[PDB]
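Same order as they appear, the protein sequences are chains A and B.
Take the numbering used here: the final residue in the first sequence is number 99, and no numbers are missing along the way.
Take the numbering used here: the final residue in the second sequence is number 198, and no numbers are missing along the way.
Think of the CB as a built atom: it goes at the ideal place given N, C-alpha and C, for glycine as much as any other residue.
Protein chains: 2
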Amino acid sequence: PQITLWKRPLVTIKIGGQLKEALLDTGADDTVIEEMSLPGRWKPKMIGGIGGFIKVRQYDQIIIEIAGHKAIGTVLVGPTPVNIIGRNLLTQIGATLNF
Amino acid sequence: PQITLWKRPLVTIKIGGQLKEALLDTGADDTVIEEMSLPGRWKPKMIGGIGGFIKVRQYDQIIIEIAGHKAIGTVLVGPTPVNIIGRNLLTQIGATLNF
Ligand SMILES: Cc1coc(CN(C)C(=O)c2cccc(C(=O)N[C@@H](Cc3ccccc3)[C@H](O)CN(CC(C)C)S(=O)(=O)c3ccc(CO)cc3)c2)n1
Ligand SMILES: [Cl-]
Ligand SMILES: [Cl-]
Ligand SMILES: [Cl-]
Ligand code: NA
Ligand code: NA
């Protein structure tokens, strides 16, 4: 699809068996999801943005379905105010910015 | 152009006669630039990023070139990890996300 930027680029994702709404976010290196359980190993990480840093759990090799496209990669889980699909998964679905 | 996302989508902007680097950021409603001098009056705004809220200075109707495209619109000045071009100016330059 071509997604307009008149509105926030929110899509439906499926992760860990759960449906969520998330932003397609070219400004985020990595994907960050609000608190949820994921299977397997994780390690702690600090990620920062406007307002400072939050602590997250880094889970590697997690499958997401993003607007119907499957992608695998790292997912950071923690107290983000919005679910963010970052570049590590945007690349895998072939997303580009065009103007 | 068509910009893939394997790297950060950094571009050159020109504001106040000065070249700066900025990140094309579809996850931001607004454009936020590091401390600099801009003409005119400003208004207060709070923005809630990933780590909490910051105060910024809102300047409206500012001339800014983005990757060689001319825009005129609102620029928020305050402490951000990187200059970010949000949807208010991505729409002015005709940007969309595509997959
Ligand atoms: C989606 C939505 C909810 O309410 C809002 C309003 N709002 C605060 C904005 O539109 C707004 C305005 C100006 C800047 C930002 C803003 O900072 N947006 C971020 C995504 C994001 C969206 C909403 C809340 C929190 C974080 C941004 O797109 C991604 N961010 C990095 C950027 C600042 C270099 S980040 O969220 O801090 C971030 C994401 C991922 C990592 C791990 O690589 C590290 C940091 C967002 N939008
Ligand atoms: Cl990854
Ligand atoms: Cl590609
Ligand atoms: Cl504007
Ligand atoms: Na894993
Ligand atoms: Na003004």
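- Among the residues facing chain B, A/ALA28 is included, as its CB has a counterpart in that chain under 8 Å away.
- When rounded, the separation of the alpha-carbon atoms in B/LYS169 and A/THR12 is 33 Å.
- Using a CB distance cut-off of 8 Å, B/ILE112 does not count as an interface residue toward chain A.
- A/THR4 sits exposed, since fewer than 16 C-beta atoms from the chains shown fall within 10 Å of its C-beta.
- B/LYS113 has its alpha-carbon roughly 25 Å from the corresponding atom of A/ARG8.
- Annotation for A/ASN88: the continuous alpha helix (DSSP H) segment containing it runs 87-90.
- Contact note: B/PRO108 reaches chain A through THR26, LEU97, using a C-beta cutoff of 7 Å and chain order.
- Here B/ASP129 is buried. Its C-beta has 16 or more other C-beta atoms within 10 Å.
- Look at A/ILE50: its C-beta is under 8 Å from a C-beta on chain B.
- For A/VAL77, same chain residues with a beta-carbon under 7 Å away, outside a window of 5 residues either side, are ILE33, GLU35, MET36, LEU38, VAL56, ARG57, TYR59 in chain order.
- For B/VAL131, the residues of chain A that pass the 8 Å Cβ criterion are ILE50, in the order they occur in the chain.
- Our two residues, B/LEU188 and B/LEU123, have alpha carbons roughly 10 Å apart in a direct line.
- Bounds of the beta strand (DSSP E) holding A/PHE53 are 52-66.
- Think of a sphere of 7 Å around the beta carbon of B/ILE153: the chain A residues whose beta carbon falls inside it are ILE50, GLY51, in chain order.
- Residue-level contact by beta carbon fails for A/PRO39 and chain B, as no gap is shorter than 8 Å.
- Distance between A/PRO44 and B/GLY147, taken at the CA atoms: about 23 Å.
- Under the Cβ criterion of 8 Å, A/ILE93 is counted among the residues facing chain B.
- Annotation: A/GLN58 has no Cβ neighbours in chain B at a cutoff of 9 Å; minimum Cβ distance is about 15 Å.
- Under a 10 Å Cβ-count criterion, B/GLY126 is classified as buried, with 16 or more other Cβ atoms of the shown protein chains found around its own Cβ.
- In the structure shown, B/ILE192 adopts coil according to DSSP, grouped into three states.
- The C-beta of B/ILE163 has 16 or more other C-beta atoms within 10 Å across all chains shown, which makes the residue buried.
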